[PDB]
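Chains as they are written, first to last, in PDB author numbering: chain F, 24 to 164; chain A, 25 to 752; chain B, 665 to 736; chain I, 1 to 39; chain L, 23 to 172; chain D, 5 to 141; chain C, 1 to 81.
Ideal placement from N, C-alpha and C gives every residue a C-beta, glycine not left out.
These notes concern the structure reproduced below.
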Amino acid sequence: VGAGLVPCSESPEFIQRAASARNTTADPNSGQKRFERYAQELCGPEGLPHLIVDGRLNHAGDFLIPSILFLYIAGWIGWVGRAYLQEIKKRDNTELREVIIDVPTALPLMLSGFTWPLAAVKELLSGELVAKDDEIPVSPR
Amino acid sequence: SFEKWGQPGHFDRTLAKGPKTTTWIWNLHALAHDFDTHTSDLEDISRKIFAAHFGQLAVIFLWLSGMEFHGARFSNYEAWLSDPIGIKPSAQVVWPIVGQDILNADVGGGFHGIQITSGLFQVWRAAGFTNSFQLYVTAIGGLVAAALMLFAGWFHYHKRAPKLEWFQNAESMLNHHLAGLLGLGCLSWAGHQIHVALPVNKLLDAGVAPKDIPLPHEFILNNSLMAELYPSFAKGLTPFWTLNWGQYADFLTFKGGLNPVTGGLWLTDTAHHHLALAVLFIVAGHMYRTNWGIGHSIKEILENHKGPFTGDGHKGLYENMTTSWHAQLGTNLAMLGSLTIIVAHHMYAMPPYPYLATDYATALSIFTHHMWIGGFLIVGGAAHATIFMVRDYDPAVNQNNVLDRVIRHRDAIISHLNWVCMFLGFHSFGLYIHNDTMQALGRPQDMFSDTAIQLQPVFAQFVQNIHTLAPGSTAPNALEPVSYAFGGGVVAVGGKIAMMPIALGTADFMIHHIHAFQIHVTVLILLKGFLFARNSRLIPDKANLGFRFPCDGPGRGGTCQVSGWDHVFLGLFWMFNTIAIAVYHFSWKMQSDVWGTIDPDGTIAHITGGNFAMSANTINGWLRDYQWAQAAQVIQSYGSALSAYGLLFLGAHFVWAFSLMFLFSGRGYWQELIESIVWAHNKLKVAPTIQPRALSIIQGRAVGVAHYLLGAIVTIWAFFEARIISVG
Amino acid sequence: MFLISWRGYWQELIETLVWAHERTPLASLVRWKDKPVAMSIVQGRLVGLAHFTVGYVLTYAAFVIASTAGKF
Amino acid sequence: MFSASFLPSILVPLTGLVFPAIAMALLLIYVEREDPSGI
Amino acid sequence: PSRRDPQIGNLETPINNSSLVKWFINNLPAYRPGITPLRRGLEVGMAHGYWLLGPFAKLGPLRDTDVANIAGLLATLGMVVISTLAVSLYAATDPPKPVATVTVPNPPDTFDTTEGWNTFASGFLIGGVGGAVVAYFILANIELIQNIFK
Amino acid sequence: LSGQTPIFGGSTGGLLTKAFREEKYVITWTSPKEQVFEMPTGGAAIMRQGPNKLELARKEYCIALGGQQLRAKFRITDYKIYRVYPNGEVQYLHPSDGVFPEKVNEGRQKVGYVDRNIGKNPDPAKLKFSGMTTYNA
Amino acid sequence: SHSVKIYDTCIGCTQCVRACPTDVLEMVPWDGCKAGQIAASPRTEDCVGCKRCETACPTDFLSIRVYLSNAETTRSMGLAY
Ligand SMILES: CC1=C(/C=C/C(C)=C/C=C/C(C)=C/C=C/C=C(C)/C=C/C=C(C)/C=C/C2=C(C)CCCC2(C)C)C(C)(C)CCC1
Ligand SMILES: CC1=C(C/C=C(/C)CCC[C@H](C)CCC[C@H](C)CCCC(C)C)C(=O)c2ccccc2C1=O
Ligand code: SF4
Ligand code: SF4
């Protein structure tokens with residue numbers, strides 16, 4: 024947290040901005056409150072805070088858990104999409120329904136993405152995620 | 025009765041089966057309307073056109089009534105009523121959430137929102153609008169009429185549809201429309217004017233208690249107040265029964281000029297105008313032959329006009345004008361376009377509404393809007409002319425006619441045309457850059473303005489002059505000149521100019537000449553595609569093959585871009601240039617020596633200071649002395665309450681470069697990249713069944729030109745919008 | 665200009681423009697060293713690219729040296 | 001000027017104009033030569 | 023009614039086959055018979071060198087200086103020289119398809135040959151110089167009309 | 005051959021100096037009916053009875069008329085085409101198969117051949133410092 | 001002019017011979033498949049480079065190809081002037 028960066032608590036220009044900090048929304052405490060919420064980080068001569076990313080508990084949670092949340096949701100959406108696609112093909116109405124979504128079937132697949140990570144891990148160990156270099160017949164060259 | 029929509033491709037037999045690849049999507053949005061490409065029958069076509077017209081009218085009514093309603097509940101009209109100067113109209117109040125809260129366009133009286141520029145209140149300063157409830161009723165009427173005529177379209181298509189001979193009575197068409205539509209509507213509007221408009225206009229001279237001013241019902245049968253003014257308007261004295269019209273000199277007069285108490289002209293002139301037009305084209309539209317065995321046999325008129333150079337004249341032209349549709353489409357589009365641009369080129373010297381020349385924001389917005397639409401659609405008129413040429417013609421009914429007589433000697437025409445274009449082009453631009461070099465070369469005596477080598481457009485000066493002293497002799501029963509840019513006195517109000525005479529010195533010459541230059545080359549491209557549409561000196565199968573196709577292989581070297589709509593591509597690029605520099609010229613002059621402020625001596629202190637006589641002669645000056653002013657605030661024009669609208673000019677450049685990306689590149693490259701990504705996806709078992717395929721080269725060209733135009737026009741409107749906000 | 669327009673349009677008008685010399689008098693004396701035709705495709709691409717690159721080179725150099733010698 | 005002579009006054013035009021002239025003239029008459037000799 | 027066939031790429035418009043114009047074009051020194059190529063060169067030089075000195079005489083960068091007459095003279099001198107150079111080298115490389123495109127009802131003349139072109143260029147040079155000096159003499163005494171003052 | 009032409013006033017897309025000094029193409033056929041029709045050099049005309057002499061500068065226009073115009077519309081299939089030298093000769097390019105069949109004969113022209121699979125095609129490595137291309141086997 | 005290239009995959013539908021407007025093809029007698037007459041190029045000298053022919057070839061990896069040469073002339077370039 025070095026590099027010549029003053030704490031946002033005691034950076035004079037920080038509170039100087041905080042004084043007439045333009046309260047954005049329809050509540051008078053909007054601006055001031057957020058500046059109060061910006062005492063944990065450490066400002067600089069620009070008067071605005073920089074973010075440190077190291078796992079260092081000074082700013083660890085301020086970047087780690089959002090990353091993990093994104094991984095959660097991206098895994099969910101990718102998993103349910105792939106599962107839906109795999110399911111459609113066992114109907115022999117393939118491209119008919121490619122544009123007409125079968126809602127009574129599209130729902131439970133979406134609702135059943137609860138345990139995507141570890142299940143995916145299983146498909147990794149079972150090897151249920153990849154087809155074989157030559158079995159996949161998509162010809163290169 | 026809802027079992028029918030979700031059966032796509034209902035109109036085409038080919039794409040109705042199924043979406044093999046993504047291509048099936050694209051054509052879905054491409055052939056949804058050209059139902060001439062569906063059968064050979066015509067009654068169906070006509071019925072579809074009727075219903076589509078009704079739908080367009082319905083959306084018209086909807087949007088106008090909704091805009092009213094916004095004007096009634098969220099617009100500072102009735103406060104801006106009492107003061108049209110110290111208040112700037114607005115609408116579309118900002119919604120108070122994160123992101124749009126600082127954008128409160130406060131225009132006095134605490135009314136926040138969005139400071140609009142479309143001058144509807146100006147109409148609402150002539151229509152005499154007091155309370156918003158009547159306006160509420162107006163919107164209700166508009167929307168119910170919309171729904172009504174939409175239902176009418178449904179009925180006239182699904183229950184009782186018209187027959188086929190109902191089409192080609194152009195005679196009754198012209199008669200009914202010309203007379204009944206135009207004359208009756210115009211005379212009805214004039215009657216509304218005289219009854220209500222000028223009365224409340226009178227009543228808007230000194231603060232005469234607007235809402236307290238009576239309602240029209242207090243004047244339907246109450247002639248007392250109607251007898252206050254205009255003694256002849258007791259009832260009317262009805263001297264028309266006695267054929268005497270001298271009594272009516274009260275309201276139905278002829279002034280012809282600026283009325284410095286209204287910000288516009290004298291409305292009585294407009295009323296008598298509308299009267300005269302009404303009866304004039306009523307008796308006009310009573311011309312052609314119809315069901316009473318009396319009139320012109322119009323297909324014989326064109327038979328008569330022939331002669332030595334004519335060949336056989338205008339023989340055989342109606343099969344074209346009625347059997348085919350694209351013909352009519354193209355010609356009417358061209359005419360409308362021209363008409364619209366003259367309208368634009370017209371209503372900045374004769375403002376027909378109250379508070380127009382005194383309101384320096386709505387003027388150029390309206391002007392440029394209409395001007396852009398004009399060209400933007402006349403090119404389409406020419407395109408439909410070409411599509412007629414490829415779709416509809418006849419070798420039999422077109423023997424030696426004035427039509428065929430050009431398609432036989434096209435080469436001479438177009439060669440001489442190219443000659444003219446080259447001549448004018450460098451004769452103007454190379455002259456310009458010559459003077460550029462001279463100024464950069466310490467040889468200033470070789471410049472071309474008044475202070476140097478001479479040239480003066482005497483013709484415009486003399487025509488303006490002979491226009492200056494028109495009244496008295498040419499116009500005895502006329503009081504003032506038609507305008508004040510030709511001649512007369514500098515008419516104004518406050519410290520704010522309304523109209524002064526315009527000066528044409530040296531810089532006018534090359535500007536008008538390059539205008540003509542670009543128009544010439546535009547005609548060149550378009551007419552070239554027109555004539556060389558069916559057969560070229562190398563491609564004798566064009567019409568035998570179509571008019572929308574990319575190329576004909578690398579024969580004869582290259583042949584890519586040999587269709588016609590690529591000709592109109594190049595043409596639309598060129599017309600973009602034309603209209604862009606045209607609006608540049610107009611804005612700069614009418615902000616340089618026409619508009620500014622005024623002192624008690626009538627001293628017009630213009631905005632810029634007459635910069636054409638100083639810099640509008642060399643290129644480097646043209647960038648300096650125009651866009652320095654046109655942007656020096658947009659950089660900082662953001663950052664407060666009535667500034668926060670960070671404009672998407674910074675944003676439009678991106679779409680422009682993204683545009684030009686599509687132009688310079690082929691497609692096989694993208695196809696191969698697509699195939700590689702497909703390989704990867706197939707390796708991870710996510711291969712999309714519908715196999716993606718890259719765009720077709722014509723599709724890519726179209727999206728490129730579309731994005732190009734969009735970015736450019738967005739950029740420029742952002743420019744002068746913020747520029748007027750800096751002064752208005 | 666060189667990049668956008670392609671060689672399916674710059675040949676039709678060369679036809680009619682050859683048509684001129686054949687039929688005007690007092691100048692039909694001279695004739696052709698060699699029969700002129702439109703450019704080629706690859707050559708068109710090449711010349712367009714050359715123009716683009718030369719246009720890009722000059723302005724930036726002028727800007728940089730002028731700025732450096734005018735601001736220090 | 002300096003210690004050299006007039007030379008920089010007039011030695012550009014011939015290199016600027018006439019040498020290009022003969023260059024292109026000779027070149028053009030070269031690109032039309034007969035067979036099988038050529039200079 | 024075309025010249026020989028109505029399907030040929032030519033037209034009988036009354037500007038390229040009017041009796042006035044054909045008489046006016048036939049008797050020009052480029053076509054009028056009964057003369058030598060020498061005289062042709064002489065006359066063309068006379069005409070052109072007689073008019074091709076004004077266009078820069080009072081128009082050159084020395085427009086209003088007290089010398090510009092002889093300046094324009096030297097200019098048009100060099101001009102006619104380089105023009106003769108051009109036509110001479112054209113003759114030097116002349117004989118692919120040793121003809122001229124014919125549209126006048128008759129062939130123009132035997133003027134269509136290399137050495138003919140060379141002699142023509144010589145006569146052009148002479149006549150051009152001559153027209154130059156004679157125009158310079160007409161223009162020399164600005165008072166050419168002031169002595170007449172008519 | 006024939007000495008008569010369809011009804012056509014005139015135009016500007018006729019012949020040039022290349023035509024009467026390098027080559028002319030000629031096409032004839034039998035149209036015992038006179039019907040208006042189109043031509044590739046701009047404009048229209050109307051055929052004549054029996055023999056019909058149409059003379060032109062290029063070849064593709066005759067092909068287009070014979071294929072797309074004559075037998076595709078008016079069912080005339082005996083149009084012959086010839087090439088005319090500058091010095092005045094008369095050549096014979098066609099009928100090169102008599103009946104315009106494009107597939108019939110008892111024996112044909114036996115000029116070269118290549119029946120070779122493309123997967124086994126030579127590379128710029130094996131054919132070097134020669135003047136030929138992948139055409140060899 | 002340019003060079004033409006023939007193969008064995010000619011099924012014999014003969015859509016190319018009806019597509020080339022330049023008279024550079026003919027079906028010479030063959031024996032191998034049901035075709036019995038395979039397309040070939042006897043009159044290359046009038047090749048144009050339009051290559052509308054293989055676009056009319058339905059065979060997988062269309063049976064005809066055209067190697068676009070470099071010895072062009074007034075005929076191969078196709079000028080009316
Ligand atoms: C331009 C424009 C516009 C506007 C438009 C307009 C403004 C229109 C007008 C229109 C009109 C203005 C119309 C009106 C009409 C009317 C009429 C057509 C009338 C008729 C009448 C009649 C028919 C009568 C009847 C009767 C009666 C009533 C009584 C008894 C007797 C009788 C029967 C005679 C808009 C914005 C949209 C868009 C953009 C552009
Ligand atoms: C990008 C590009 C392609 C790529 C081809 C395609 C089809 C790219 C299109 C990608 C999709 C269709 C764009 C979708 C745009 C949407 C904003 C994406 C939203 C999708 C999610 C929201 C679901 C070409 O094929 C091509 C061909 C010829 C000249 C230029 C080009 C060219 O520039
Ligand atoms: S190349 Fe095509 S058209 Fe020709 S014979 Fe073979 S399959 Fe038929
Ligand atoms: S380009 Fe194709 S169709 Fe034309 S001649 Fe050559 S091979 Fe035949």
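Q | Cβ shell of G104 of chain F (< 7 angstroms), same chain only, five flanking positions each side left out | A | none
Q | beta strand (DSSP E) segment containing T621 of chain A, residue limits | A | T621 of chain A -> beta strand (DSSP E) spans 620–622.
(Q) Going by DSSP in three states, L25 of chain C sits in which element: helix, strand or coil? (A) coil
Q. Along the chain, where does the alpha helix (DSSP H) that runs through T14 of chain C open and close?
A. Careful: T14 of chain C lies outside any alpha helix (DSSP H) and carries neither H nor E.
Q: Look up residue 14 of chain A in the DSSP assignment and say whether it is helix, strand or coil.
A: Outside the modelled stretch of chain A, which goes from 25 to 752, sits residue 14 of chain A, for which no answer is possible.
Q: Find the residues of chain B that neighbour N32 of chain L, judging by a C-beta separation of less than 8 angstroms, and give them in chain order.
A: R687
Q: Using only the heavy atoms of ligand 1, determine whether one of them is closer than 7 angstroms to the beta carbon of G165 of chain A.
A: Flag unset: Cβ of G165 of chain A not near ligand 1.
Q) Is any heavy atom of ligand 4 found at a distance shorter than 7 angstroms from the C-beta of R52 of chain C? A) yes
Q.
Can you tell me whether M43 of chain D is helix, strand or coil according to DSSP?
A. coil
**Q.** chain B residues whose Cβ lies nearer than 7 angstroms to that of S439 of chain A
**A.** Contact of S439 of chain A with chain B by beta-carbon distance below 7 angstroms involves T680, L681, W683, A684.
Q) Which chain L residues sit within Cβ distance under 8 angstroms of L690 of chain B? A) Listed along chain L, the residues sitting closer than 8 angstroms to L690 of chain B by beta-carbon distance are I47, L50, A52.
(Q) So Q80 of chain A and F98 of chain A are supposed to be a Cβ contact under 8 angstroms. How far apart are they, rounded? (A) About 27 angstroms separates the two Cβ atoms, so there is no contact after all.
Q: Please check if any C-beta of chain B sits within less than 8 angstroms of the C-beta of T32 of chain D.
A: Output row for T32 of chain D: interface = no.
Q.
Along the chain, where does the alpha helix (DSSP H) containing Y29 of chain D start, and where does it finish?
A. In the DSSP assignment, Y29 of chain D falls outside any alpha helix (DSSP H) and lies within the beta strand (DSSP E) extending over 28–32.
Q | Per-residue DSSP class, three states only, for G30 of chain A | A | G30 of chain A: coil per DSSP, three-state reduction.
Q. In chain order, what residues of the same chain lie with their CB nearer than 6 angstroms to the CB of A358 of chain A, ignoring the 5 residues before and after it?
A. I402, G405
Q. Whose Cβ in chain I lies nearer than 8 angstroms to the Cβ of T98 of chain L?
A. Chain I residues near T98 of chain L: none, gap ~17 angstroms exceeds 8 angstroms.
Q: With 8 angstroms as the threshold, decide whether the Cβ of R671 of chain B is near any Cβ in chain L.
A: no
(Q) Checking 8 angstroms against the spacing of the C-beta atoms, do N199 of chain A and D336 of chain A come in under that value? (A) no
Q) Based on the DSSP secondary-structure assignment, which residues constitute the bridge partners of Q37 of chain C? A) C:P29
Q) Tell me which same chain residues have a C-beta within less than 8 angstroms of the C-beta of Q723 of chain A, skipping the five on either side of it? A) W50
Q. From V153 of chain F to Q109 of chain F, what distance separates their C-alpha atoms?
A. 13 angstroms
Q. Taking the DSSP output, what are the residues bridged to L282 of chain A?
A. A:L289
Q: Find the residues of chain D that neighbour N422 of chain A, judging by a C-beta separation of less than 8 angstroms, and give them in chain order.
A: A48
Q: Confirm, please, whether the CB-CB distance from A157 of chain L to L75 of chain L is below 8 angstroms.
A: Yes. Within cutoff.
**Q.** Beta-carbon gap between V24 of chain F and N81 of chain F smaller than 8 angstroms
**A.** yes
**Q.** chain A contact residues for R65 of chain C, given Cβ-Cβ distances below 9 angstroms
**A.** Taking a Cβ-Cβ cut-off of 9 angstroms, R65 of chain C has no neighbours in chain A, whose nearest Cβ is about 13 angstroms from it.
Q: Go ahead and label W178 of chain A buried or exposed: buried means 16 or more other beta carbons lie within 10 angstroms of its beta carbon, across all protein chains shown.
A: Label assigned to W178 of chain A: exposed.
Q | Cα-Cα separation between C210 of chain A and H298 of chain A, rounded to whole angstroms | A | Answer to the nearest angstrom: the Cα atoms are 6 angstroms apart.
Q) Are there 16 or more other CB atoms within 10 angstroms of the CB of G111 of chain D, so buried, or fewer, so exposed? A) Counting the other Cβ atoms within 10 Å of the Cβ of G111 of chain D gives fewer than 16, which makes it exposed.
**Q.** Whole-angstrom distance between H57 of chain A and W148 of chain A, CA atom to CA atom
**A.** 39 angstroms
Q. Counting contacts by CB-CB distance shorter than 8 angstroms, is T16 of chain D in contact with chain C?
A. no
Q: Using three-state DSSP, classify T55 of chain C as helix, strand or coil.
A: helix
Q.
I need the DSSP call for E59 of chain D, collapsed to helix, strand or coil.
A. strand
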